[PDB]
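Below are two forms of the same protein chain, given as structure tokens: structure 1, then structure 2.
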Structure 1
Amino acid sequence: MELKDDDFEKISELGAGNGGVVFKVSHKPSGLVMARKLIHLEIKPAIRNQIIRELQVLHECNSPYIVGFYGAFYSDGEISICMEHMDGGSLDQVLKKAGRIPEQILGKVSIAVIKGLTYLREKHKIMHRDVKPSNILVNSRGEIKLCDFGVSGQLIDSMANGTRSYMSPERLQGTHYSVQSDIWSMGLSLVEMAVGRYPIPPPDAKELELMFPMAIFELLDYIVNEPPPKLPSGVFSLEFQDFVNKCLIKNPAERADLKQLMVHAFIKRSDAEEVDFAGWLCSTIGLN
């Protein structure tokens, strides 16, 4: 059935970021609990209609590694995107509660990200464009899924316009970037989650012992002109270290792609491992 503004009842606020709020809502005709994202854009009616039209391809984005979509519509000054409610929230929220995410859990995260990115590329011919811990959602069933990807060319354009960045060196410097940019973001996101803080500027000797704000030109100059961040040695396996190293190669053509990462030792190893992600999640965030 068609979604409209009327038919929704607000339960609570799940969070907000830059240009969006997301509510936990009841869709009253169906009884279904959803996450309803509201994007406020001051744009002409014809552009707004193209955006809505282009979000309908989300009905066709069906994957265990992609957040379910129910519908998208416009109502007073706001574009609504209605999606599956993910009761574990995002990986940035889980990281705050966890302090630090176990390497084994990050093995399952990595698999799901690579698989979601692969699905988007293979089946929809698109890059994600916004990989970072807050765009990876989890639930009490142990599901790990991507949201907030570039499905709509016009919405990409209209959104265009930090104390931290997940954008690749090539994307920071110009228009010459593509699917490889997403690999860098994934790599950086994994280092942050492994280590328990945004990893740029690198943890010094003292910080590493103790666990185991930058101006924005300073930060972006670092990303482009300094060597990429790196997992600590000792605390993480050489497979994981090599995995994030291959994600964080500055030249995007020598950086590993999804095809290579899918057969990387670390993935093979994680693929094999018996991990109770669902139980880990619930304990750390207090679901059950």
Structure 2
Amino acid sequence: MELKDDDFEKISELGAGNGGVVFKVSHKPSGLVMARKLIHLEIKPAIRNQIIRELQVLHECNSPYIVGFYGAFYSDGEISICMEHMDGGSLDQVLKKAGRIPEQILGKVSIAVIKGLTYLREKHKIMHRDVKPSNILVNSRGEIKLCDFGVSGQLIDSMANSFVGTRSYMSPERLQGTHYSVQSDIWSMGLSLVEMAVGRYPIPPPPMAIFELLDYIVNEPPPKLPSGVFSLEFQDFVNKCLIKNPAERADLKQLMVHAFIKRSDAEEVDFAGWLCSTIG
């Protein structure tokens, strides 16, 4: 869209994670209100421009289930990724205001997440590589969209994601040296669903620093939903997502026809209204 740091004006901070900070900004010359993610990396100009070059592909993403992209550029040691502003935030934020999320809302989220993944896989042959509650954004129109996926191979390598932060959604196969695949996103999604359903990160079942957590994941059995509160469909769905053997774990075709999804797809759920009310 042709953006440059002076076009912008800061409205407020939407939040920060381990690797960056996101601002709600005004893009003055167009009038657009967007979210601006700033990423700071101590890398040589060569690979940096390679990142901005690779990030340019986000322009060709165009799906109801994928967050909107406006442009990526570099300035002042910061890489800027400029997005559709999502007025409802991430599901990780909603989760703090709501404590936990209803399995009917979660069925809608799953249908969104599944469709978004398939879109990225069918249309761009990229895997998401970071499906978690904080990377699922919602807005007051009741839309549910994925962001922060691995569009840039250079950017992935530079961020050394795997050891940072306190929670991990990495799958067993990956932490045992397997090549990355869509199955690994299924595991992430199920672990996400469990976390959003019960209201806390499932591993371990009710201090653990990253490496122990990672060891715990490849060794202990997978997390499961509690015993009385959720339908037996929702927990078979989540169970089929968290099968430790990627061979057995369900795939997107299978999940899309699972009992839980068929029902959720039919249930008349007012997500926007549930949202503006849970957080207003």
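Here the rigid core means the biggest group of C-alpha atoms that line up within 1.5 Å when the two forms are laid on top of each other. All residue numbers here follow the sequence of structure 1, with the first residue given the number 1.
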With the core superposed, a Cα shift of 2 Å or more between structure 1 and structure 2 singles out one residue among 249, 38, 220, 55. Which one is it? 220
Inspect the rigid-core superposition and answer whether the C-alpha of residue 177 shifts by 2 angstroms or more between structure 1 and structure 2. yes
Aligning on the rigid core, what is the distance the CA of residue 234 moves between structure 1 and structure 2, in angstrom? 2.1
After lining up the core, report the Cα displacement of residue 19 between structure 1 and structure 2 in Å, one decimal place. 1.4
